[PDB]
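For reference, the structure discussed in these notes is given below.
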Amino acid sequence: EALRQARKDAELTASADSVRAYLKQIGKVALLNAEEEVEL
Amino acid sequence: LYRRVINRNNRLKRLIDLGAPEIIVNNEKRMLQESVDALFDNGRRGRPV
Amino acid sequence: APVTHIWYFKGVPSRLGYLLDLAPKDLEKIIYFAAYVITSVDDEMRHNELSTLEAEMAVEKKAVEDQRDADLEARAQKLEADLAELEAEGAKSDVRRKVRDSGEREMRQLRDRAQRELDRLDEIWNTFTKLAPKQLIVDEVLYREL
Amino acid sequence: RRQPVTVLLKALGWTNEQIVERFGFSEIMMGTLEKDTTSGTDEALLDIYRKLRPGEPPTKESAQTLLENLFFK
DNA sequence: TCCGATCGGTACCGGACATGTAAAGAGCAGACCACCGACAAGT
């Protein structure tokens, strides 16, 4: 719906500030809860 | 300004030597670009240092 | 790593923009690590192997359609099992309508997911066909897939 | 950037009927409400959040908390 | 054709002045200097 389009526009925003861009970049990936760390 | 540029360049050298992922290296290169731009003309792009 | 000169980029007019026929926003995105730019493309190699790549893309689309059909038939057999269970013991009509609309919503979700996958494949193929130098690929996942 | 005030009014919890019954004596308000090309509360709130803080993925509660922090806290 | 952003500029002589925070600690090693023992050859 419109929510997906808004999310895509937000992710495609220029984000001229360097710190904001870095936060957006690091926010793309997920976390490891309990066991994936051992496997890695 | 010269100290900031030299520090960021040395950190980029260390990151390349270690083998850091692409995100960290790209962030460091962007910081180096911003430091050089601020050195040559402070205030043209972004906020002044 | 090379660093561009601020005088010749952030100016009115932008000399780099005029030289390279690039908009100032495009230059800002490129030189500040925000979007990829295609330096060059091998047109001859792409044209020679275009038919094989299109055939492989068609095979991939056929495979994803077959997977969607398998998911649809799994949903259909689950619905048939639910109907058999409802025939085994009596139940009210409200719960039957609820499970019917839940199954309809699930199959519509699967259909729109398949449609989104097909649209993504079509967009990737169109981007590859229309690939040319001095073009910005602002989507990181699209460039990774390419 | 400029935003129509009807979007802000809807984002505060008011509906179209509330706006009509509250600002029915004015022509500019009605013209803005007809020309907003935006309906509902969640859509207006998401638009306000996008305008205020571009690049941040919005959700149901982040925009409301941001507005409360900005004004009513 | 219209218009939201961005960049350029805005008198002179005299004078005046100097930063305000720290989440630590330990183990091991390297370079340099003030105090020293021997031992044979030149003085």
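Labeling convention for the structure tokens: chains A, B, ... as they appear, residues from 1 per chain, ligands from 1 in order of appearance.
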
Would you give me, as a list in words, the residues of chain D that come within 8 Å of chain A, using only C-alpha atoms?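 Listed by rising number, the hits are residues 46, 50, 54, 55, 56, 57 and 58 of chain D.
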
Show me, as a list in words, the residues that have an atom within 12 Å of residue 2 of chain B when counting only C-alpha atoms (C1' of nucleotides), minus same-chain residues fewer than 2 positions from it. residues 4, 5, 6, 7, 8, 9, 32, 35, 36, 37, 38, 39 and 40 of chain B

Write out, as a CSV table (one decimal), in the first residue's frame, the residues just selected, with N, CA, C and O atoms.
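Generated output (out-v5.csv):
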chain,number,residue,atom,x,y,z
B,4,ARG,N,43.2,16.6,11.4
B,4,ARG,CA,42.0,15.8,11.1
B,4,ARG,C,42.2,15.0,9.8
B,4,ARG,O,41.9,13.8,9.7
B,5,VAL,N,42.8,15.7,8.8
B,5,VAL,CA,43.0,15.0,7.5
B,5,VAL,C,44.0,13.9,7.6
B,5,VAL,O,43.7,12.8,7.1
B,6,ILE,N,45.1,14.1,8.3
B,6,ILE,CA,46.1,13.1,8.5
B,6,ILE,C,45.5,11.9,9.3
B,6,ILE,O,45.8,10.7,9.0
B,7,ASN,N,44.8,12.2,10.4
B,7,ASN,CA,44.2,11.1,11.2
B,7,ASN,C,43.3,10.3,10.4
B,7,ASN,O,43.3,9.0,10.4
B,8,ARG,N,42.4,10.9,9.6
B,8,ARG,CA,41.5,10.1,8.8
B,8,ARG,C,42.2,9.3,7.7
B,8,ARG,O,41.8,8.2,7.4
B,9,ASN,N,43.2,9.9,7.1
B,9,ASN,CA,44.0,9.2,6.1
B,9,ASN,C,44.7,7.9,6.7
B,9,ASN,O,44.6,6.8,6.1
B,32,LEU,N,37.0,11.2,4.9
B,32,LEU,CA,38.2,11.9,4.3
B,32,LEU,C,37.9,12.9,3.3
B,32,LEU,O,38.5,14.0,3.3
B,35,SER,N,36.7,16.0,5.1
B,35,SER,CA,37.8,16.7,5.8
B,35,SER,C,38.6,17.5,4.8
B,35,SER,O,38.9,18.6,5.1
B,36,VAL,N,38.9,16.9,3.6
B,36,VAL,CA,39.6,17.7,2.6
B,36,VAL,C,38.8,18.9,2.2
B,36,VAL,O,39.3,20.0,2.0
B,37,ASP,N,37.5,18.7,1.9
B,37,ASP,CA,36.6,19.8,1.5
B,37,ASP,C,36.6,20.9,2.5
B,37,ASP,O,36.6,22.1,2.2
B,38,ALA,N,36.5,20.5,3.8
B,38,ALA,CA,36.5,21.5,4.9
B,38,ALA,C,37.9,22.2,4.9
B,38,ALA,O,37.9,23.4,5.2
B,39,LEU,N,38.9,21.5,4.7
B,39,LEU,CA,40.3,22.1,4.7
B,39,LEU,C,40.4,23.2,3.6
B,39,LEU,O,40.9,24.3,3.8
B,40,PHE,N,39.9,22.9,2.4
B,40,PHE,CA,40.1,23.8,1.3
B,40,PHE,C,39.1,25.0,1.4
B,40,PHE,O,39.5,26.1,1.1

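Here atom CA of residue 112 of chain C is placed at a distance of 19.9 Å from atom CA of residue 78 of chain C.
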
Residues of chain A within 8 Å of chain B, counting only C-alpha atoms, as a ChimeraX atom specification: /A:16-17,22,25

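All residues of protein, DNA or RNA that reach within 7 Å of residue 4 of chain D, judged by only C-alpha atoms (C1' of nucleotides) and not counting those fewer than 2 positions away in the chain, are residues 2, 6, 7, 32 and 36 of chain D.
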
Using the selection just defined, write its residues with N, CA, C and O atoms as a JSON list (two decimals), in the first residue's frame.
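Now in out.json:
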[["chain", "number", "residue", "atom", "x", "y", "z"],
["D", 2, "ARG", "N", 6.42, 24.13, 3.39],
["D", 2, "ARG", "CA", 5.03, 24.43, 3.69],
["D", 2, "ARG", "C", 4.15, 23.20, 3.54],
["D", 2, "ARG", "O", 4.31, 22.41, 2.59],
["D", 6, "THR", "N", -4.72, 21.66, 7.10],
["D", 6, "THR", "CA", -5.67, 20.57, 7.26],
["D", 6, "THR", "C", -4.97, 19.26, 7.59],
["D", 6, "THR", "O", -5.49, 18.45, 8.36],
["D", 7, "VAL", "N", -3.77, 19.05, 7.03],
["D", 7, "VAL", "CA", -2.99, 17.86, 7.36],
["D", 7, "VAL", "C", -2.63, 17.85, 8.84],
["D", 7, "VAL", "O", -2.75, 16.83, 9.52],
["D", 32, "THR", "N", -8.56, 25.00, 1.03],
["D", 32, "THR", "CA", -7.41, 24.18, 1.37],
["D", 32, "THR", "C", -7.82, 22.73, 1.63],
["D", 32, "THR", "O", -7.12, 21.80, 1.22],
["D", 36, "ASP", "N", -6.38, 19.63, -0.60],
["D", 36, "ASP", "CA", -5.32, 18.92, 0.11],
["D", 36, "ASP", "C", -4.91, 17.64, -0.62],
["D", 36, "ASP", "O", -3.73, 17.28, -0.60]]

Where does DSSP see helix (DSSP H, G or I) in chain A, if you list the residues as an NGL selection string? :A and (2-11 or 18-26 or 36-39)

Can I get the selection written as a PDB file, in the first residue's frame, with C-alpha atoms?
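Listed below is the output, again_6.pdb:
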ATOM      1  CA  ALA A   2       1.069   3.597   0.598  1.00  0.00           C
ATOM      2  CA  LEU A   3       3.171   2.489   3.581  1.00  0.00           C
ATOM      3  CA  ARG A   4       5.543   0.508   1.355  1.00  0.00           C
ATOM      4  CA  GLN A   5       5.907   3.460  -1.022  1.00  0.00           C
ATOM      5  CA  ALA A   6       6.627   5.784   1.908  1.00  0.00           C
ATOM      6  CA  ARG A   7       9.246   3.367   3.254  1.00  0.00           C
ATOM      7  CA  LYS A   8      10.887   3.099  -0.175  1.00  0.00           C
ATOM      8  CA  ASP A   9      10.953   6.890  -0.535  1.00  0.00           C
ATOM      9  CA  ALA A  10      12.461   7.242   2.946  1.00  0.00           C
ATOM     10  CA  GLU A  11      15.159   4.673   2.158  1.00  0.00           C
ATOM     11  CA  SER A  18      26.895  11.946   6.997  1.00  0.00           C
ATOM     12  CA  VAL A  19      25.920  10.625  10.434  1.00  0.00           C
ATOM     13  CA  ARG A  20      22.309  10.111   9.338  1.00  0.00           C
ATOM     14  CA  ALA A  21      23.512   8.271   6.228  1.00  0.00           C
ATOM     15  CA  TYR A  22      25.728   6.010   8.345  1.00  0.00           C
ATOM     16  CA  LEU A  23      22.834   5.284  10.712  1.00  0.00           C
ATOM     17  CA  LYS A  24      20.631   4.397   7.736  1.00  0.00           C
ATOM     18  CA  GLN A  25      23.350   2.106   6.371  1.00  0.00           C
ATOM     19  CA  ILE A  26      23.836   0.285   9.679  1.00  0.00           C
ATOM     20  CA  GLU A  36      23.847 -17.508  15.209  1.00  0.00           C
ATOM     21  CA  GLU A  37      26.925 -15.987  16.862  1.00  0.00           C
ATOM     22  CA  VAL A  38      28.242 -19.459  17.722  1.00  0.00           C
ATOM     23  CA  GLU A  39      27.609 -20.683  14.171  1.00  0.00           C
TER      24      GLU A  39
END

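All of the residues in chain C within 12 Å of chain E are residues 10, 11, 12 and 13 of chain C, where only C-alpha atoms (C1' of nucleotides) were counted.
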
Restrict the selected residues to N, CA, C and O atoms and save them as a JSON list (two decimals), in the first residue's frame.
[["chain", "number", "residue", "atom", "x", "y", "z"],
["C", 10, "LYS", "N", 31.45, 22.15, -5.99],
["C", 10, "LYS", "CA", 30.40, 22.92, -5.32],
["C", 10, "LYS", "C", 30.50, 24.39, -5.73],
["C", 10, "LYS", "O", 30.86, 25.27, -4.96],
["C", 11, "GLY", "N", 30.18, 24.63, -7.00],
["C", 11, "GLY", "CA", 30.21, 25.97, -7.54],
["C", 11, "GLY", "C", 28.97, 26.23, -8.38],
["C", 11, "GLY", "O", 28.25, 25.31, -8.78],
["C", 12, "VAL", "N", 28.72, 27.51, -8.62],
["C", 12, "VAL", "CA", 27.61, 27.97, -9.43],
["C", 12, "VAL", "C", 28.17, 28.73, -10.63],
["C", 12, "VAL", "O", 28.57, 29.89, -10.51],
["C", 13, "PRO", "N", 28.21, 28.10, -11.81],
["C", 13, "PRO", "CA", 27.79, 26.73, -12.12],
["C", 13, "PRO", "C", 28.84, 25.69, -11.75],
["C", 13, "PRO", "O", 30.00, 26.03, -11.50]]

How many Å separate atom CA of residue 3 of chain C from atom CA of residue 31 of chain C? 8.6 Å

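Distances here use only C-alpha atoms; by that measure, the residue among C:6, C:137, C:146, C:63 closest to chain A is C:137.
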